[PDB]
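Taking the form deposited in one PDB entry, here's one chain by itself in structure tokens.
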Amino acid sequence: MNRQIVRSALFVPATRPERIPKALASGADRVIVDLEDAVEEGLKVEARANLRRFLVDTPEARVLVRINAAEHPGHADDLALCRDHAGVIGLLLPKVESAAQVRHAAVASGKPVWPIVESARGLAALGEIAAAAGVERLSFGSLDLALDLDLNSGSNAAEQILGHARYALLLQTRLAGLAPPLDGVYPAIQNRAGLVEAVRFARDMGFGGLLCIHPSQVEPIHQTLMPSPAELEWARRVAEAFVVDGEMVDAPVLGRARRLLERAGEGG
């Protein structure tokens, strides 16, 4: 919901509507139907129609939508689509650089916004962005930010620089009282070992999950985020409950126990 951990948010282009149910069947916590960078300019109207048809034909489906930003002439149409279909439970706003951009998207759609930091200018304004009314949680465009800062993506030095963006997302999350952020996409679909390392690092620094681009990435993300059997056995008992193994059942312990349950996908 607007406060649980999202372990995985899987992109699927609106140009491939047959892949939308496949994305939903992958077990990803959230599916993001993309109308933005994965859809060539000449196919945006067709893509929007494809998404409309999916939502009308599958009313129980729940998805996020990555819309075109305000500079694009289809921004209003994208927002209207988000506004008019109950199945759209939030939208990703790319290239976010101001609080105003967020508010416009949140009010026009009436839906929660996930600002995606993709530039240095967005990072510099993250304080105001994160504090904007309508923001659910933050994420960032790892590749896009690397390009904006002329980094050699994948290098240790680039990761050190991206660490600043990560720190900012984590700090602003806490300051603004947002839901757990998502780490950026790990693009090497064939490198399962590398994905696991990326997930471990994100988890260890307080991210709830990762943005992802192929159904095959879901299993390893979920596996790496999963707490131990012992932590879950304890967490479940603490959730129900009070003295549970010694400590009291206070907000810090429920927040702890309930965070374990959400990392295991046993929230709500």
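For every residue, the number given is its place in the sequence shown, counted from 1.
Absent from the display: the form deposited in another entry. The rest refers to it.
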query	finding
At the hinge of two rigid parts that rotate between this form and the one not shown, the residue from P94, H85, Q101, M226	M226
Cα distance between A198 and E231, which in that other deposited form differs by 3 Å or more from this form, closer or farther	closer
Relative Cα spacing, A176 and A251, in that other deposited form - shift of 3 Å or more	farther
